[PDB]
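Protein chains in written order, with the entry's author numbering: chain CE, 146 to 194; chain Cm, 20 to 54; chain CZ, 210 to 360; chain CL, 1 to 87; chain DL, 15 to 256, 266 to 306; chain CJ, 10 to 59; chain Cv, 26 to 49.
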Amino acid sequence: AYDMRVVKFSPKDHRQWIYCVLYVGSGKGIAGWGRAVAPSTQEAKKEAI
Amino acid sequence: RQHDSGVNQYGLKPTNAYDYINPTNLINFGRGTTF
Amino acid sequence: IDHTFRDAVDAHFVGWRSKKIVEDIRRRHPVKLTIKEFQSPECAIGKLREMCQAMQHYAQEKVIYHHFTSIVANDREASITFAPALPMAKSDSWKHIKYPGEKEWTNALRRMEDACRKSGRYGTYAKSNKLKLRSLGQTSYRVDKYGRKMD
Amino acid sequence: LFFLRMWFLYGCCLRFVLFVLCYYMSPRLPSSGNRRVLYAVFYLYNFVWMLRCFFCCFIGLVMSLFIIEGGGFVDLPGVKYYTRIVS
Amino acid sequence: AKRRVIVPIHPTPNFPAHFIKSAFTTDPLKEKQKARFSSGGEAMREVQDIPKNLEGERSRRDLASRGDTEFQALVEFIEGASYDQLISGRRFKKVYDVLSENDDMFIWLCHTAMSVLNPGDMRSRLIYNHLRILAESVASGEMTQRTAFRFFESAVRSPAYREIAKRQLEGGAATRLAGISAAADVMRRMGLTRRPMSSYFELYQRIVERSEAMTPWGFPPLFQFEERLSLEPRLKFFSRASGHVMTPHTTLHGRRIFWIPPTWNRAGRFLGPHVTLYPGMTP
Amino acid sequence: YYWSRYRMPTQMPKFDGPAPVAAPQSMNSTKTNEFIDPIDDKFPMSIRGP
Amino acid sequence: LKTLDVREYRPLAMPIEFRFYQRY
RNA sequence: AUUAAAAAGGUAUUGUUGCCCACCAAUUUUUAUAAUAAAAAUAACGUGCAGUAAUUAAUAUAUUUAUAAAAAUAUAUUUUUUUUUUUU
Ligand SMILES: [Mg+2]
Ligand SMILES: [Mg+2]
Ligand SMILES: [Mg+2]
Ligand SMILES: [Mg+2]
Ligand SMILES: [Mg+2]
Ligand SMILES: [Mg+2]
Ligand SMILES: [Mg+2]
Ligand SMILES: [Mg+2]
Ligand SMILES: [Mg+2]
Ligand SMILES: [Mg+2]
Ligand SMILES: [Mg+2]
Ligand SMILES: [Mg+2]
Ligand SMILES: [Mg+2]
Ligand SMILES: [Mg+2]
C-alpha cells in the first residue's frame, strides 16, 4: 500500500509525506516486511525496503 | 555508521504504529528543535 | 440600570424583556431603554414603541407605578427613560402609570429624522443582501439552496 | 446490516403501492438540491398504511401503482424505501 | 474572491523541463514559501552514502592504489594554509570523520573492560576468543553494541562460576588489567586500526577521562547503548566529545563564509563580507 | 531568429537528490540563511582566521 | 442526544490500556 | 551595576477572525400525548455568550433558582495548570 500523511513542521509549514507498506520475499524460506513515512514516493519505497 | 540508530535520514525513526499514522511526532517538538 | 438592544428583534424578545424591565422598575431602580444599533430612525422608534406598549400592557396589570421621564432622540442613540414612584405615599398621592403618546412620539421622531439628516447618517448598520443557505423542508415545487422558487 | 429500516416491507423483498402525493425535500449538507419524494399507500390485514419513499424512477404516461424496493442509504434522512418500476 | 490565475509555461530552448517544475509553480498558495535544496554528483555521493560495490578491474585497481585515507584527509585540511586557499571547516570535518571512523568500537571495548565486574580471567584463550569474535562483530555492523555486550556477559565461562569466584573475590570485582591488555590485544590482532598504537591509546584515554566522573563505572541501562532515544553527543559516555540588539538583522555582516552569496534583489544594503568600513592604519 | 543565440548549448544537471550535507532545513522556529554556509561559519575563527 | 458529531475531532493517540483491556 | 536563557493547556486541525451551547419559527417522521406532550431529522429569525484550565476553573450527586444557555449553596473530584519545613 501507498498512502498520504500530512506532516506539520511548523504552524505555517505543512509537508506532504507518503507512507509505504511492503514485504520482501523469496519462496526459498526467507521473507520480511517493512513500512516507512518519507517525503517522496520513491523515498518511502526505498526506506520501507 | 555515522549517527544514531533511532534517528534516520528524515527524522526520528518511527517504530510503533502511532508514528506511522501521526508522523509529525517524528520531527517536531516545541520551539527548540533541530535535526 | 440600562438595557441596550438592537433594532431587529422578535415578538418573543419584546415579551420577556418587557417583563424583565418592569420587574426592575418595581424595585425602585433607574431604567432606560436604548437603541444604539439601527438601520433607520423610523424602525428604531418602531421598537421603542413596541417595548413600551408591551410594558404598559404588562405593568398596569401588576399595578406597579412609574412615570415616563426623558426621551432623547439622537443621531447615535434612540432612547427613553423611566422612573418609579418613591413611596406608597407617592403611589397614593400621585397614582399613575405615565407614558408617551402620539405627540411626543411623532415629535421626537421628526427631531430624530432631522438630527440624523443633518449629520448625514441614517443608521449605524443596515440589513445586508446576503442570503444564507436555508431549507424549507417539504414543498410542492423545486427550490434552490437559499429558499427561492424555480422558474 | 440495519434491520429496522425495512419495517414496512414486513419481511418481503418488494412491495406494491398506490401513488398519492409527490413533494420535494432538501438532503443533508453538504449535498444540496431537491430530492423527489413519493407518498404512497398500501394495505395489509385491512390496515391502510402510508409509506414514504424516494422517487428514483421513470414516469411515462400517467400511472398509479409502483413497486417499492429496499435499501442502501441516501442523502435524504428518513427516506428508507426506494422505487423500482411504475405500473 | 479574485483568485490569482497563473498561466503554465512550457519548456523552451533555454528553459528546460526540470527547471520549470523546480523554479515555477502554478498554485499560488505555494509562492513565497522558502528555498529548496538539491545535490548533484559529489554532494549527492556524500549525502546519500551509497556504499560502493566491488566490481570488475577498475574497482579493484582503485582498491589497490587506494593508499592511506587518514593521511590524505589531513593533508587536504592542512593545505588550507597554502596562500591560494582558505582553512575549511569541511576539510576538518572530513578529517575528523576519518579519525573517528571506528570510535564507537573503542567505546564498546571500554564497557567490556570497565563495565563488568568479574569477567573471568581475561587472559585465558577461551574468554579471549569470546571477546575477539564479538569485537569483530561490533565492527562491520553485524551486531548491535547492546547485543554484543549482553552476549559478552552471558558467554560461557566455567561451571559453578560464582562459587569459584568466592575463592578469589570478596564483592565480586576482579582486577581490570587483564581486561585492558586483552582489549588492546584484540584490536591489534584484529586489523582495526591503520596505525598500530591508536587502538591502545584511544582505549586508555577514554578510560582515564571517565575516571573523574561521579559513579564512573555504572551506566543507566537505556542510555548505555544504542536505543531509540539517546544522549546529546557531548554527554555520550566514553565519547571523544566529553550589535546584540542589531545582531539578528546583522547576520551576514561579520566575516562570513558563504554558500550562495547574497544578490542585489535579496539584500538591499549589504556590501559583501570582505569590506572593512572602519580601517586601521598598518605598515 | 535573434533568440537563436539564447538556446542552452549543453544539457543542464538535473536535480536528482536530497539536500546537501548539513543544509539549513527548517523546524518550528528556525532562523535560516540559505546564504551562510552551515559548516564553515560555525568553525571557530581562531582556527580558520578572519 | 444529538445523534451526530458536532465536532470533528480525531485524537491520534492509542494508549495501550484502551486497546488491550484483557491484560491491563 | 541592575536586570533578563531553561516547567506548562486547545472540542481547533494552515488551528481563536478556530469551533461549539441552549431557548426562539416553519416543516419531516415514530410513537407510552403533563404548563405548551415526548423523542429524532433540520439549513430561517431573534437573544445572548454557556463550554474548549475561556474573563467568578471545570466535572458528578444533592437542594434551590429561571427569557435562554444555566446560576447560588452542600458535599465528593481532577478527564484543572505545581510549586516543594525530615524536630530550627
Ligand atoms: Mg514546551
Ligand atoms: Mg425485520
Ligand atoms: Mg449516502
Ligand atoms: Mg468523530
Ligand atoms: Mg489533543
Ligand atoms: Mg406525529
Ligand atoms: Mg416535541
Ligand atoms: Mg461557567
Ligand atoms: Mg464563555
Ligand atoms: Mg468558566
Ligand atoms: Mg456542573
Ligand atoms: Mg443540579
Ligand atoms: Mg438562566
Ligand atoms: Mg447544575
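Where is the CB? At the ideal position from N, CA and C, for every residue including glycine.
Contacts with chain DL at 7 angstroms (Cβ-Cβ) include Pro29/CJ. The criterion of a C-beta distance shorter than 7 angstroms is satisfied by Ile23/DL and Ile34/DL.
Distances between the C-beta of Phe2/CL and the heavy atoms of ligand 2 are all 6 angstroms or more. The Cβ atoms of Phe166/DL and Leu140/DL do not sit closer than 7 angstroms to each other. Distance between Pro29/CJ and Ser102/DL, taken at the CA atoms: about 17 angstroms. Nearest Cα to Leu242/CZ within the set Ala292/CZ, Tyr274/CZ and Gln269/CZ: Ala292/CZ.
With contacts defined by Cβ atoms closer than 7 angstroms, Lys153/CE and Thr43/Cm form a contacting pair. Residue burial annotation: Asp49/CJ is buried, with at least 16 other C-beta atoms found within 10 angstroms of its C-beta. The straight-line gap separating the alpha-carbon atoms of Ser328/CZ and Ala335/CZ is approximately 17 angstroms. Flagged as an interface residue toward chain Cm: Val182/CE, by a C-beta distance shorter than 7 angstroms. Within its own chain, the residues whose Cβ lies closer than 8 angstroms to the Cβ of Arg285/CZ, once the five positions on either side in sequence are excluded, are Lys245 and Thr333, listed in chain order. For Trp225/CZ, the enclosing alpha helix (DSSP H) begins and ends at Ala220 to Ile234. Taking a C-beta distance under 7 angstroms as the contact criterion, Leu217/DL and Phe120/DL qualify as a contact pair. When DSSP states are grouped into helix, strand and coil, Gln62/DL belongs to the helix group. Rounded to whole angstroms, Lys107/DL and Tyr11/CJ show a C-alpha spacing of 49 angstroms.
The closest heavy atom of ligand 2 lies 6 angstroms or more from the beta carbon of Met25/CL.
Contact between the stretch 25 to 43 of chain CL and the stretch 75 to 85 of chain CL is present: three or more C-beta pairs spanning the two stretches fall below 8 angstroms. If you ignore the 5 residues before and after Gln265/CZ, its C-beta comes within less than 8 angstroms of the C-beta of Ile306 and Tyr308, all in its own chain and listed in chain order. Using a Cβ-Cβ cut-off of 7 angstroms, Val169/CE is close to nothing in chain Cm; its nearest Cβ partner there is about 18 angstroms away. Near chain CZ, meaning a CB-to-CB distance below 7 angstroms, the residues of the stretch 8 to 26 of chain CL are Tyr23, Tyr24, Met25 and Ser26. Three or more beta-carbon pairs separated by less than 8 angstroms link the stretch 288 to 304 of chain DL to the stretch 269 to 278 of chain DL, which places the two stretches in contact.
Minimum Cα-Cα distance from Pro285/DL among the listed residues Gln20/CJ, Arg57/CJ, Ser38/CJ and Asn42/CJ corresponds to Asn42/CJ. Distance check between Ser52/DL and each of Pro22/CJ, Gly58/CJ, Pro18/CJ and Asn37/CJ places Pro22/CJ closest, using alpha-carbon atoms only. Around the CB of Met39/Cv, fewer than 16 other CB atoms lie within 10 Å, so the residue is classed as exposed. For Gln161/CE, the enclosing beta strand (DSSP E) has its first and last residue at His159 to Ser171. When secondary structure is reduced to three states using DSSP, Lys358/CZ falls in the strand class. Among the residues facing chain DL, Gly49/Cm is not included, as its CB has no counterpart in that chain under 7 angstroms away. Counting of Cβ neighbours within 10 angstroms places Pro156/CE among the exposed residues, the total staying below 16. Annotation for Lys27/Cv: no alpha helix (DSSP H) segment contains it, and DSSP assigns it neither H nor E.
Contact of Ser35/CJ with chain Cm is not assigned, every C-beta pair being separated by 7 angstroms or more. DSSP places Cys124/DL in the uninterrupted alpha helix (DSSP H) bounded by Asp118 to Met128. Counting of Cβ neighbours within 10 angstroms places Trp178/CE among the exposed residues, the total staying below 16. The beta-carbon distance between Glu45/DL and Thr158/DL, rounded to whole angstroms, is 47 angstroms. This is too long to meet the 8 angstroms contact definition. The secondary-structure analysis by DSSP pairs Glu246/CZ across a beta bridge with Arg215/CZ. When secondary structure is reduced to three states using DSSP, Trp287/DL falls in the coil class, being assigned neither helix nor strand. Between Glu313/CZ and the set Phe277/CZ, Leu345/CZ, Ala268/CZ and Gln269/CZ, the nearest pair of CA atoms involves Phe277/CZ.
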